[PDB]
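So this block is final00.cif, mmCIF, C-alpha atoms and all ligand atoms:
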```cif
data_model
loop_
_atom_site.label_atom_id
_atom_site.label_comp_id
_atom_site.auth_asym_id
_atom_site.auth_seq_id
_atom_site.Cartn_x
_atom_site.Cartn_y
_atom_site.Cartn_z
CA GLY A 952 -29.98 11.92 6.63
CA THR A 953 -26.54 13.38 5.88
CA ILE A 954 -25.12 16.42 7.64
CA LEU A 955 -21.73 17.96 6.79
CA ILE A 956 -19.77 19.39 9.72
CA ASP A 957 -17.20 22.09 8.91
CA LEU A 958 -13.84 21.50 10.59
CA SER A 959 -11.62 24.38 11.70
CA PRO A 960 -8.02 24.59 10.37
CA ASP A 961 -6.94 24.68 14.06
CA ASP A 962 -8.56 21.28 14.66
CA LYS A 963 -6.10 18.36 14.74
CA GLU A 964 -8.59 16.31 12.70
CA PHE A 965 -8.50 18.94 9.93
CA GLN A 966 -4.70 18.95 10.07
CA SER A 967 -4.26 15.17 9.95
CA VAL A 968 -6.64 14.87 6.96
CA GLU A 969 -4.91 17.75 5.11
CA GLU A 970 -1.53 16.11 5.73
CA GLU A 971 -2.75 12.87 4.10
CA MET A 972 -3.95 14.93 1.11
CA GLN A 973 -0.70 16.83 0.66
CA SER A 974 1.88 14.15 1.48
CA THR A 975 0.38 11.61 -0.99
CA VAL A 976 0.67 13.83 -4.08
CA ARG A 977 2.90 12.26 -6.74
CA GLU A 978 3.96 12.80 -10.35
CA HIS A 979 1.88 10.87 -12.89
CA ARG A 980 2.87 9.07 -16.10
CA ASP A 981 0.62 11.41 -18.12
CA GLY A 982 2.64 14.47 -16.98
CA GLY A 983 -0.52 16.08 -15.55
CA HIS A 984 -2.80 15.58 -18.57
CA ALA A 985 -5.75 14.10 -16.66
CA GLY A 986 -5.48 15.88 -13.29
CA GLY A 987 -3.35 18.97 -13.99
CA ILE A 988 0.17 20.09 -13.06
CA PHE A 989 0.81 20.65 -9.33
CA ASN A 990 2.91 19.62 -6.32
CA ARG A 991 0.40 20.62 -3.61
CA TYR A 992 -3.18 21.78 -3.07
CA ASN A 993 -4.90 24.79 -1.62
CA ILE A 994 -7.30 23.25 0.90
CA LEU A 995 -10.42 25.44 1.11
CA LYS A 996 -12.65 23.30 3.32
CA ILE A 997 -12.81 19.92 5.07
CA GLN A 998 -16.20 18.63 6.19
CA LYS A 999 -16.95 15.56 8.31
CA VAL A 1000 -19.76 13.52 6.73
CA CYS A 1001 -22.27 12.27 9.32
CA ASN A 1002 -25.04 9.87 8.31
CA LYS A 1003 -26.51 7.33 10.74
CA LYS A 1004 -27.97 4.87 8.21
CA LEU A 1005 -24.89 4.78 5.97
CA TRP A 1006 -22.64 4.35 9.02
CA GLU A 1007 -24.71 1.52 10.53
CA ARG A 1008 -24.68 -0.14 7.11
CA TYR A 1009 -20.88 0.23 6.98
CA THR A 1010 -20.31 -1.20 10.47
CA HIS A 1011 -22.71 -4.13 10.02
CA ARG A 1012 -20.85 -5.22 6.88
CA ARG A 1013 -17.47 -4.53 8.55
CA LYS A 1014 -18.36 -6.97 11.35
CA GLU A 1015 -19.35 -9.65 8.80
CA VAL A 1016 -16.06 -9.24 6.92
CA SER A 1017 -14.10 -9.21 10.19
CA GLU A 1018 -15.65 -12.52 11.34
CA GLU A 1019 -14.78 -14.12 7.98
CA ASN A 1020 -11.14 -13.00 8.30
CA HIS A 1021 -9.72 -13.87 11.75
CA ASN A 1022 -11.29 -10.76 13.35
CA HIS A 1023 -9.54 -8.44 10.92
CA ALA A 1024 -11.52 -5.88 8.89
CA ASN A 1025 -8.30 -4.66 7.24
CA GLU A 1026 -9.79 -1.16 7.35
CA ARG A 1027 -8.03 1.66 5.45
CA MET A 1028 -8.55 5.37 4.83
CA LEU A 1029 -8.45 5.97 1.07
CA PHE A 1030 -9.25 8.71 -1.46
CA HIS A 1031 -12.06 8.63 -4.03
CA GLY A 1032 -12.59 11.18 -6.82
CA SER A 1033 -15.85 11.27 -8.75
CA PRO A 1034 -18.17 13.68 -10.59
CA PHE A 1035 -20.96 12.07 -8.49
CA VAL A 1036 -19.61 13.07 -5.04
CA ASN A 1037 -22.92 14.74 -4.11
CA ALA A 1038 -24.88 11.52 -4.70
CA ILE A 1039 -22.29 9.50 -2.77
CA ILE A 1040 -22.48 11.57 0.46
CA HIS A 1041 -26.31 11.33 0.55
CA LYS A 1042 -27.02 7.86 -0.89
CA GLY A 1043 -23.72 6.12 -0.01
CA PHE A 1044 -21.62 4.06 -2.40
CA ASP A 1045 -23.41 1.82 -4.89
CA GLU A 1046 -21.67 -0.93 -6.88
CA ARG A 1047 -24.28 -0.88 -9.69
CA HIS A 1048 -23.11 2.44 -11.24
CA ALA A 1057 -17.53 -3.06 -12.31
CA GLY A 1058 -16.03 -2.39 -8.86
CA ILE A 1059 -15.58 0.77 -6.80
CA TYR A 1060 -12.02 2.13 -6.89
CA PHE A 1061 -9.95 3.90 -4.19
CA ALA A 1062 -6.44 5.40 -4.12
CA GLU A 1063 -3.66 5.87 -1.57
CA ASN A 1064 -2.39 8.79 -3.69
CA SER A 1065 -4.71 11.82 -3.46
CA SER A 1066 -3.38 12.95 -6.85
CA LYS A 1067 -4.58 9.68 -8.43
CA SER A 1068 -8.13 10.34 -7.21
CA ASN A 1069 -7.72 13.94 -8.39
CA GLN A 1070 -7.46 12.54 -11.95
CA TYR A 1071 -11.12 11.40 -11.75
CA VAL A 1072 -12.93 14.41 -10.22
CA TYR A 1073 -13.92 15.74 -13.68
CA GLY A 1074 -14.46 12.26 -15.21
CA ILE A 1075 -12.40 9.44 -16.72
CA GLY A 1076 -8.93 10.66 -17.71
CA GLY A 1077 -10.14 14.06 -16.44
CA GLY A 1078 -12.95 14.18 -19.04
CA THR A 1079 -13.15 17.66 -20.57
CA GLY A 1080 -11.89 19.28 -17.33
CA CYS A 1081 -13.72 21.89 -15.24
CA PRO A 1082 -17.30 22.80 -16.29
CA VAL A 1083 -16.57 26.52 -16.89
CA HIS A 1084 -13.07 26.69 -18.46
CA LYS A 1085 -12.94 23.09 -19.79
CA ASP A 1086 -9.40 23.03 -18.39
CA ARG A 1087 -8.28 19.78 -16.74
CA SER A 1088 -5.43 21.75 -15.13
CA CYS A 1089 -7.66 24.64 -13.97
CA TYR A 1090 -6.16 26.44 -10.97
CA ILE A 1091 -9.36 28.47 -10.45
CA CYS A 1092 -12.37 26.17 -10.15
CA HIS A 1093 -12.98 24.36 -6.84
CA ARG A 1094 -12.59 20.58 -6.77
CA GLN A 1095 -13.90 18.01 -4.32
CA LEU A 1096 -12.54 14.60 -3.20
CA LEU A 1097 -13.74 12.05 -0.63
CA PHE A 1098 -11.41 10.62 2.04
CA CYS A 1099 -13.12 7.34 2.89
CA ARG A 1100 -13.09 4.56 5.48
CA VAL A 1101 -12.79 1.31 3.48
CA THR A 1102 -13.08 -2.35 4.57
CA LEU A 1103 -10.72 -4.53 2.50
CA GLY A 1104 -10.94 -7.76 4.53
CA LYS A 1105 -9.06 -10.57 2.79
CA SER A 1106 -7.77 -8.65 -0.23
CA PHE A 1107 -6.87 -10.39 -3.49
CA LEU A 1108 -3.34 -9.31 -4.48
CA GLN A 1109 -3.07 -8.03 -8.05
CA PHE A 1110 0.38 -7.14 -9.44
CA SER A 1111 -0.02 -4.25 -11.89
CA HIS A 1117 -18.16 -9.47 -6.91
CA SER A 1118 -14.51 -9.90 -5.84
CA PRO A 1119 -12.59 -13.16 -6.50
CA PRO A 1120 -14.05 -16.21 -4.65
CA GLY A 1121 -13.21 -16.12 -0.92
CA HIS A 1122 -12.02 -12.48 -1.01
CA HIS A 1123 -13.57 -9.18 0.12
CA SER A 1124 -11.59 -6.82 -2.14
CA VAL A 1125 -8.72 -6.44 -4.62
CA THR A 1126 -5.37 -4.74 -3.99
CA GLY A 1127 -3.61 -3.33 -7.06
CA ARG A 1128 0.06 -3.44 -6.11
CA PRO A 1129 2.07 -1.26 -8.53
CA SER A 1130 4.87 -3.41 -10.01
CA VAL A 1131 5.99 -1.33 -13.01
CA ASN A 1132 5.58 2.16 -11.51
CA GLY A 1133 8.37 3.31 -9.16
CA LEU A 1134 6.85 5.91 -6.82
CA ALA A 1135 3.16 4.93 -7.09
CA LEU A 1136 1.19 3.81 -4.03
CA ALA A 1137 -1.50 1.10 -4.10
CA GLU A 1138 -5.02 1.26 -5.53
CA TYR A 1139 -7.95 -0.80 -4.22
CA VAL A 1140 -11.24 -2.20 -5.53
CA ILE A 1141 -14.33 -3.28 -3.59
CA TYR A 1142 -17.55 -4.76 -4.99
CA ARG A 1143 -19.98 -4.00 -2.16
CA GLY A 1144 -20.94 -0.34 -1.60
CA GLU A 1145 -21.43 -1.14 2.09
CA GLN A 1146 -17.64 -1.67 2.46
CA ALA A 1147 -16.91 2.08 2.11
CA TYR A 1148 -18.04 5.08 4.16
CA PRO A 1149 -17.45 8.59 2.77
CA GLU A 1150 -16.08 10.18 5.93
CA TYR A 1151 -14.52 13.49 4.82
CA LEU A 1152 -15.48 15.86 2.01
CA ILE A 1153 -12.45 17.89 1.00
CA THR A 1154 -12.79 21.05 -1.10
CA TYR A 1155 -9.64 22.34 -2.73
CA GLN A 1156 -7.78 23.82 -5.67
CA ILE A 1157 -4.67 22.43 -7.30
CA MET A 1158 -1.87 24.97 -6.89
CA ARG A 1159 0.24 26.28 -9.78
CA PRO A 1160 3.96 25.58 -9.16
CA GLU A 1161 6.47 28.43 -8.70
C1 LIG A 1201 -14.81 0.80 -14.90
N1 LIG A 1201 -14.75 1.88 -15.90
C2 LIG A 1201 -13.37 2.32 -16.13
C3 LIG A 1201 -12.77 2.81 -14.99
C4 LIG A 1201 -12.81 4.18 -14.69
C5 LIG A 1201 -12.18 4.68 -13.55
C6 LIG A 1201 -11.49 3.83 -12.67
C7 LIG A 1201 -10.86 4.26 -11.55
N2 LIG A 1201 -9.69 3.72 -11.18
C8 LIG A 1201 -9.31 4.30 -10.05
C9 LIG A 1201 -8.22 4.09 -9.31
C10 LIG A 1201 -8.02 4.82 -8.15
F1 LIG A 1201 -6.89 4.60 -7.39
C11 LIG A 1201 -8.97 5.78 -7.78
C12 LIG A 1201 -10.09 5.96 -8.59
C13 LIG A 1201 -10.23 5.21 -9.71
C14 LIG A 1201 -11.21 5.19 -10.63
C15 LIG A 1201 -12.39 5.96 -10.69
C16 LIG A 1201 -13.05 6.11 -9.32
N3 LIG A 1201 -12.31 7.05 -8.45
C17 LIG A 1201 -10.97 6.95 -8.10
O1 LIG A 1201 -10.54 7.85 -7.36
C18 LIG A 1201 -11.44 2.47 -12.99
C19 LIG A 1201 -12.06 1.97 -14.13
ZN ZN A 1202 -12.00 26.17 -14.33
#
```

What would you get if you wrote out this structure as structure tokens?
Ligand SMILES: CNCc1ccc(-c2[nH]c3cc(F)cc4c3c2CCNC4=O)cc1
Ligand SMILES: [Zn+2]
Amino acid sequence: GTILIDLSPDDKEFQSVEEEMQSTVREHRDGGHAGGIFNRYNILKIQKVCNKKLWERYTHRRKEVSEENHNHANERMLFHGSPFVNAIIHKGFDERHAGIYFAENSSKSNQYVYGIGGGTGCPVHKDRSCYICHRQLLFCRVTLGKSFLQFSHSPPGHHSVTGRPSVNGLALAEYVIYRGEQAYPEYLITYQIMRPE
């Protein structure tokens, strides 16, 4: 079902997606332990993810949410890092793998590409701060609907949870959904973290 369409660096769609990647990098409280030490990425490839069934599933649910929330899907574009990115682009998101988490900060999602807290890092060097091995992240279209505000299935009468960072100073929000149909994996981004100079 799924085809991946390569986007050219000269395409405005490539450029807008890359800019969201780069401009949402932040410093983390672990000093780079989980995701590595970097201020920007080397973008190697951006692919548009096209799948008819997963898209129709996304839009059907989006309409339901919208009608339960004064015609407002509250749709966002958010990052998702996972060792299971290949399964996600072909089979879509699945809540049973308790919710499904998404980040406004690309560098937050980058912490989860090799597993929880970075796991043991890249397969070949076992380095969580590897500047060599290629990483992959999803930039996803996400339906939040009526989102339950959390100061840091979904709560009754809500479609999602918003984790508003209270303690952290420069952190952006993180979101949780409980229905896999409320997220569509729209862009597959292949990159390296870049060593600072
Ligand atoms: C549920 N098992 C523990 C657990 C493991 C990972 C995550 C988690 N929190 C996130 C916040 C965020 F902004 C983005 C992500 C995550 C994840 C893992 C899923 N991917 C994310 O990018 C949450 C809970
Ligand atoms: Zn490596």

task: Have a look at CA of residue 1142 in chain A and CA of residue 1058 in chain A and let me know their distance in Å, one decimal.
output: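 Rounded to one decimal, the two atoms are 4.8 Å apart.
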
field: Nearest candidate to residue 969 in chain A (options A:1158, A:1141, A:994, A:1091; using only C-alpha atoms)
entry: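 The shortest atom-to-atom distance to residue 969 in chain A comes from A:994.
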
query: Skipping near chain neighbours, those fewer than 2 positions away, what residues fall within 10 Å of residue 991 in chain A using only C-alpha atoms, listed as a PyMOL selection string?
result: chain A and resi 972-977+988-989+993-994+1066+1156-1160

task: Report as a PyMOL selection string which protein, DNA and RNA residues come within 6 Å of ligand LIG 1201 (chain A), using all atoms listed in the file.
output: chain A and resi 1031-1033+1057+1060-1062+1067-1068+1071+1075+1138

message: Around ligand ZN 1202 (chain A), which protein and nucleic acid residues have at least one atom no more than 8 Å from it, if we count all atoms listed in the file? List them as a list in words.
response: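 The neighbouring residues of ligand ZN 1202 (chain A) are, in order, residues 1080, 1081, 1082, 1083, 1084, 1085, 1086, 1087, 1088, 1089, 1090, 1091, 1092 and 1093 of chain A.
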
message: Here is a test: counting only C-alpha atoms, which residue of A:1040, A:1152, A:1000, A:968 is nearest to residue 1094 in chain A?
response: A:1152

query: Hey, can you pull every residue with an atom no more than 6 Å from (-11.1, 11.2, 3.3), using all atoms listed in the file, and send it as number ranges by chain?
result: A: 1030, 1097-1099, 1150-1151

task: With a distance cut-off of 9 Å and all atoms listed in the file, select the neighbouring residues of residue 1041 in chain A, excluding the residue or stretch itself and same-chain residues fewer than 3 positions from it, and output the selection as a list in words.
output: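 Listing them by chain and then by number gives residues 952, 953, 954, 1002, 1005, 1036, 1037 and 1038 of chain A.
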
task: Compile the contact shell of residue 1101 in chain A as a ChimeraX atom specification: residues with an atom at most 9 Å away, counting all atoms listed in the file, same-chain residues fewer than 6 positions apart removed.
output: /A:1009,1025-1029,1061,1141,1146-1149

query: In Å, how far is it from CA of residue 1130 in chain A to CA of residue 1016 in chain A?
result: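 These atoms are spaced 27.5 Å apart.
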
Let me have the centre and edge lengths in Å, one decimal, of the box along x, y and z around every listed atom of range 1061-1071 of chain A with 3 Å of margin on each side, as lines of an AutoDock Vina configuration file.
```
center_x = -6.8
center_y = 8.9
center_z = -6.8
size_x = 14.7
size_y = 16.0
size_z = 16.4
```

message: Using all atoms listed in the file, can you tell me which of A:963, A:980, A:1008, A:1143 comes closest to residue 1131 in chain A?
response: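 When distances to residue 1131 in chain A are compared using all atoms listed in the file, the smallest one comes from A:980.
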
query: Given the choices A:1102, A:1070, A:967, A:1079, which gets closest to residue 1012 in chain A if the distance is worked out from all atoms listed in the file?
result: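 Closest residue, counting all atoms listed in the file: A:1102.
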
task: Taking the point (-6.1, -13.7, 3.1) as given in the file, collect each protein or nucleic acid residue that comes within 12 Å of it, counting only C-alpha atoms, and present the set as a PyMOL selection string.
output: chain A and resi 1016-1017+1019-1025+1103-1108+1119-1126

- request: Kindly give the distance, in Å, that separates CA of residue 959 in chain A and CA of residue 1096 in chain A, rounded to a single decimal.
  value: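 Separating CA of residue 959 in chain A from CA of residue 1096 in chain A is a distance of 17.8 Å.
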
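Closest approach to residue 1076 in chain A from the set A:1001, A:985, A:958, A:995 is made by A:985, with distances taken over all atoms listed in the file.
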
- request: Could you check which of A:1127, A:1043, A:1144, A:986 is closest to residue 1069 in chain A, using all atoms listed in the file?
  value: A:986

- prompt: Can you tell me, as a PyMOL selection string, what residues are no more than 10 Å from residue 1132 in chain A when counting all atoms listed in the file, ignoring any on the same chain fewer than 4 positions away?
  reply: chain A and resi 979-980+1111+1128+1136

Is it possible to add N, CA, C and O atoms to range 1093-1120 of chain A and hand it back as a PDB file, in the coordinates of the input?
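Wrote it out as selection.pdb, contents follow:
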```
ATOM      1  N   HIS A1093     -13.087  25.167  -8.052  1.00  0.00           N
ATOM      2  CA  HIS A1093     -12.980  24.360  -6.840  1.00  0.00           C
ATOM      3  C   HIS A1093     -13.251  22.899  -7.154  1.00  0.00           C
ATOM      4  O   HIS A1093     -14.198  22.581  -7.872  1.00  0.00           O
ATOM      5  N   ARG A1094     -12.430  22.016  -6.595  1.00  0.00           N
ATOM      6  CA  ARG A1094     -12.590  20.580  -6.770  1.00  0.00           C
ATOM      7  C   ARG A1094     -13.013  19.956  -5.450  1.00  0.00           C
ATOM      8  O   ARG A1094     -12.871  20.567  -4.389  1.00  0.00           O
ATOM      9  N   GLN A1095     -13.545  18.742  -5.519  1.00  0.00           N
ATOM     10  CA  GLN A1095     -13.900  18.010  -4.320  1.00  0.00           C
ATOM     11  C   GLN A1095     -13.487  16.546  -4.438  1.00  0.00           C
ATOM     12  O   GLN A1095     -13.642  15.943  -5.502  1.00  0.00           O
ATOM     13  N   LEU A1096     -12.945  16.007  -3.341  1.00  0.00           N
ATOM     14  CA  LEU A1096     -12.540  14.600  -3.200  1.00  0.00           C
ATOM     15  C   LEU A1096     -13.106  14.035  -1.896  1.00  0.00           C
ATOM     16  O   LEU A1096     -13.270  14.783  -0.924  1.00  0.00           O
ATOM     17  N   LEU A1097     -13.343  12.730  -1.855  1.00  0.00           N
ATOM     18  CA  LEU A1097     -13.740  12.050  -0.630  1.00  0.00           C
ATOM     19  C   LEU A1097     -12.546  11.307  -0.032  1.00  0.00           C
ATOM     20  O   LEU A1097     -11.804  10.641  -0.752  1.00  0.00           O
ATOM     21  N   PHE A1098     -12.356  11.447   1.279  1.00  0.00           N
ATOM     22  CA  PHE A1098     -11.410  10.620   2.040  1.00  0.00           C
ATOM     23  C   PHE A1098     -12.285   9.635   2.819  1.00  0.00           C
ATOM     24  O   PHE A1098     -13.090  10.035   3.666  1.00  0.00           O
ATOM     25  N   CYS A1099     -12.137   8.349   2.510  1.00  0.00           N
ATOM     26  CA  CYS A1099     -13.120   7.340   2.890  1.00  0.00           C
ATOM     27  C   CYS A1099     -12.556   6.234   3.763  1.00  0.00           C
ATOM     28  O   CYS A1099     -11.397   5.847   3.610  1.00  0.00           O
ATOM     29  N   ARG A1100     -13.399   5.728   4.660  1.00  0.00           N
ATOM     30  CA  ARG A1100     -13.090   4.560   5.480  1.00  0.00           C
ATOM     31  C   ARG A1100     -13.515   3.326   4.683  1.00  0.00           C
ATOM     32  O   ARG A1100     -14.689   3.195   4.327  1.00  0.00           O
ATOM     33  N   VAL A1101     -12.559   2.444   4.377  1.00  0.00           N
ATOM     34  CA  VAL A1101     -12.790   1.310   3.480  1.00  0.00           C
ATOM     35  C   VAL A1101     -12.397  -0.033   4.110  1.00  0.00           C
ATOM     36  O   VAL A1101     -11.275  -0.194   4.596  1.00  0.00           O
ATOM     37  N   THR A1102     -13.328  -0.987   4.093  1.00  0.00           N
ATOM     38  CA  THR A1102     -13.080  -2.350   4.570  1.00  0.00           C
ATOM     39  C   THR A1102     -12.576  -3.225   3.426  1.00  0.00           C
ATOM     40  O   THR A1102     -13.311  -3.490   2.474  1.00  0.00           O
ATOM     41  N   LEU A1103     -11.322  -3.667   3.521  1.00  0.00           N
ATOM     42  CA  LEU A1103     -10.720  -4.530   2.500  1.00  0.00           C
ATOM     43  C   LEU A1103     -10.838  -6.020   2.811  1.00  0.00           C
ATOM     44  O   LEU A1103     -10.812  -6.845   1.899  1.00  0.00           O
ATOM     45  N   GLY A1104     -10.949  -6.361   4.094  1.00  0.00           N
ATOM     46  CA  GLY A1104     -10.940  -7.760   4.530  1.00  0.00           C
ATOM     47  C   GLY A1104      -9.759  -8.518   3.942  1.00  0.00           C
ATOM     48  O   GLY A1104      -8.656  -7.980   3.833  1.00  0.00           O
ATOM     49  N   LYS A1105      -9.997  -9.779   3.586  1.00  0.00           N
ATOM     50  CA  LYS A1105      -9.060 -10.570   2.790  1.00  0.00           C
ATOM     51  C   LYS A1105      -9.012 -10.004   1.371  1.00  0.00           C
ATOM     52  O   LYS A1105      -9.955 -10.165   0.595  1.00  0.00           O
ATOM     53  N   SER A1106      -7.904  -9.352   1.039  1.00  0.00           N
ATOM     54  CA  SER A1106      -7.770  -8.650  -0.230  1.00  0.00           C
ATOM     55  C   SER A1106      -6.982  -9.502  -1.223  1.00  0.00           C
ATOM     56  O   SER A1106      -5.907 -10.006  -0.902  1.00  0.00           O
ATOM     57  N   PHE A1107      -7.528  -9.656  -2.425  1.00  0.00           N
ATOM     58  CA  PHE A1107      -6.870 -10.390  -3.490  1.00  0.00           C
ATOM     59  C   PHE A1107      -5.734  -9.537  -4.057  1.00  0.00           C
ATOM     60  O   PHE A1107      -5.973  -8.426  -4.532  1.00  0.00           O
ATOM     61  N   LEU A1108      -4.508 -10.054  -4.003  1.00  0.00           N
ATOM     62  CA  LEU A1108      -3.340  -9.310  -4.480  1.00  0.00           C
ATOM     63  C   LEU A1108      -3.209  -9.367  -6.003  1.00  0.00           C
ATOM     64  O   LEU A1108      -3.106 -10.441  -6.594  1.00  0.00           O
ATOM     65  N   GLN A1109      -3.210  -8.190  -6.617  1.00  0.00           N
ATOM     66  CA  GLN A1109      -3.070  -8.030  -8.050  1.00  0.00           C
ATOM     67  C   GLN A1109      -1.800  -7.234  -8.330  1.00  0.00           C
ATOM     68  O   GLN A1109      -1.668  -6.098  -7.868  1.00  0.00           O
ATOM     69  N   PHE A1110      -0.858  -7.828  -9.059  1.00  0.00           N
ATOM     70  CA  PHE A1110       0.380  -7.140  -9.440  1.00  0.00           C
ATOM     71  C   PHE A1110       0.172  -6.422 -10.771  1.00  0.00           C
ATOM     72  O   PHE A1110      -0.104  -7.055 -11.791  1.00  0.00           O
ATOM     73  N   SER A1111       0.303  -5.095 -10.746  1.00  0.00           N
ATOM     74  CA  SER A1111      -0.020  -4.250 -11.890  1.00  0.00           C
ATOM     75  C   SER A1111       1.238  -3.780 -12.616  1.00  0.00           C
ATOM     76  O   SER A1111       2.146  -3.225 -12.000  1.00  0.00           O
ATOM     77  N   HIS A1117     -18.768  -9.446  -8.231  1.00  0.00           N
ATOM     78  CA  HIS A1117     -18.160  -9.470  -6.910  1.00  0.00           C
ATOM     79  C   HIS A1117     -16.670  -9.784  -7.015  1.00  0.00           C
ATOM     80  O   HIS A1117     -16.185 -10.174  -8.078  1.00  0.00           O
ATOM     81  N   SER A1118     -15.948  -9.595  -5.911  1.00  0.00           N
ATOM     82  CA  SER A1118     -14.510  -9.900  -5.840  1.00  0.00           C
ATOM     83  C   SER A1118     -14.236 -11.393  -6.065  1.00  0.00           C
ATOM     84  O   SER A1118     -15.158 -12.209  -6.018  1.00  0.00           O
ATOM     85  N   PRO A1119     -12.961 -11.751  -6.320  1.00  0.00           N
ATOM     86  CA  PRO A1119     -12.590 -13.160  -6.500  1.00  0.00           C
ATOM     87  C   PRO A1119     -13.083 -14.052  -5.353  1.00  0.00           C
ATOM     88  O   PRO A1119     -13.096 -13.609  -4.202  1.00  0.00           O
ATOM     89  N   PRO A1120     -13.498 -15.298  -5.665  1.00  0.00           N
ATOM     90  CA  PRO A1120     -14.050 -16.210  -4.650  1.00  0.00           C
ATOM     91  C   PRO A1120     -13.215 -16.268  -3.362  1.00  0.00           C
ATOM     92  O   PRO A1120     -11.997 -16.446  -3.415  1.00  0.00           O
TER      93      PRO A1120
END
```
